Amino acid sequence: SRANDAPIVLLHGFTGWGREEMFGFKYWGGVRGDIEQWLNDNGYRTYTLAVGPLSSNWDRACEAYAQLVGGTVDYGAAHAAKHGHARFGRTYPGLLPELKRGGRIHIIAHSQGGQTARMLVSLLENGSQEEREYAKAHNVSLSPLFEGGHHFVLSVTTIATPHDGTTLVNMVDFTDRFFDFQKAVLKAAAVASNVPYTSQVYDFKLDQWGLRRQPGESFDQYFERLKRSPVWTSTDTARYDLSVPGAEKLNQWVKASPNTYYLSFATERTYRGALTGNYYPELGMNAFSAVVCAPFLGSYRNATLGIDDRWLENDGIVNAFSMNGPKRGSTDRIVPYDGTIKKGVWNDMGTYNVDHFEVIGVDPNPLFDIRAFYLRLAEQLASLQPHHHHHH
């Protein structure tokens, strides 16, 4: 039945928060409950990571590592010099100090979470040649995360991840539209955007950039400030990594480890129009996605960028064609699931009829058994064999 005892770790996208944030409301579960809890009750040790939702995958990856092993976030000296932010972040206690002693984990990531998870794997296993070269060139200390040689991750599961980016950013008004997604998760959780709460509520963890919501500042007001900040204007952001070109770049160095299993899940909440060839939002898609983005994703074409008709289908925020695994600028192989979970290859699990937010329970969908979906997932992860024997 079960082949391993690795704990499961949860990871979010451009939206996300800690278990104690959003007054109880969990990113993993939302209006449908508590995912991390359900899995623990069913006997699968499960934890949750909270990283900078608008930060680049690199920053998140450094935060994920430190949050898992414990310590102060070290973004890398060369990295910090190149982007002009702090080298050191926040300090963590360490969710799983067992990792530094031979332990392994299973990473279930959603949205942009999937790129982060890939990146963390590639850094753990290979480190950063540039970071290593800069350490000795300028005699600065070096994070273990940049030496290579770690083997913490048994598997990586991706759900609605923009492996090849999303064409949602190509919107002319993407800046304003995008912060409406943060406003939306705030409403999902019953939190207003026009109110200066004195309690944090939603920490964007921008310690490296020196940004934070201040006194008598409503999320709306704070979002206006962010838009003009490096978090939204520099390449070292989630906005860059989310774009087609940015993903392509990330795809060029972030490869699938041969020692790690990879699982892909794709989402889709659309229908094809017979005369236009466009995709249109289905009944039950969240109102923010259905009004502005869903129509853009299913009609947006760009020949020079490589955007044709296979990119139309979407989950209201991310193109479905970009979820089965990195393709643009990648050497990673993808194989359709045939009952056998191979290692070092993207095991394409197919497309599911749920939106970007229905998969995590942030948006409701009673036609979707979210409990069964994540219980099936973990049962599958526990059955993964650490070392598989070659056979007939």
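We number the residues from 1 along the sequence you see.
Q: Hey, which bit's got the bigger mean C-alpha B factor in the entry, 10-18 or 365-373?
A: 365-373 has the higher mean C-alpha B-factor.
Q: Using only C-alpha atoms and the B-factors in the entry, which stretch averages higher, 287-295 or 82-90?
A: Stretch with the greater average CA B-factor: 287-295.
Q: Determine which member of 230, 210, 258, 165 has the highest CA B-factor, using the values in the deposited entry.
A: Highest C-alpha B-factor among the listed options: 258.
Q: Take the CA temperature factors straight from the PDB entry and tell me which of 323, 61, 35, 49 peaks.
A: That would be 35, according to the entry.
Q: Give the position of residue 217 by CA B-factor within its chain, expressed as the lowest, middle or highest third.
A: Highest third.
Q: Pull the Cα B-factor of residue 262 out of the PDB entry and bin it into the chain's lowest, middle or highest third.
A: Answer is lowest: the recorded C-alpha B-factor places it there.
Q: Based on the entry's values, in what third of the chain does the Cα temperature factor of residue 336 lie: lowest, middle or highest?
A: Residue 336: CA B-factor falls in the highest third of its chain.
Q: Can you tell me whether residue 344 has a C-alpha B-factor in the lowest, middle or highest third compared with the other modelled residues of the same chain?
A: Tercile = middle for this residue's CA B-factor.
Q: Against its chain's modelled residues, does residue 270's Cα B factor rank lowest, middle or highest third?
A: For residue 270, the deposited C-alpha B-factor lands in the highest third.
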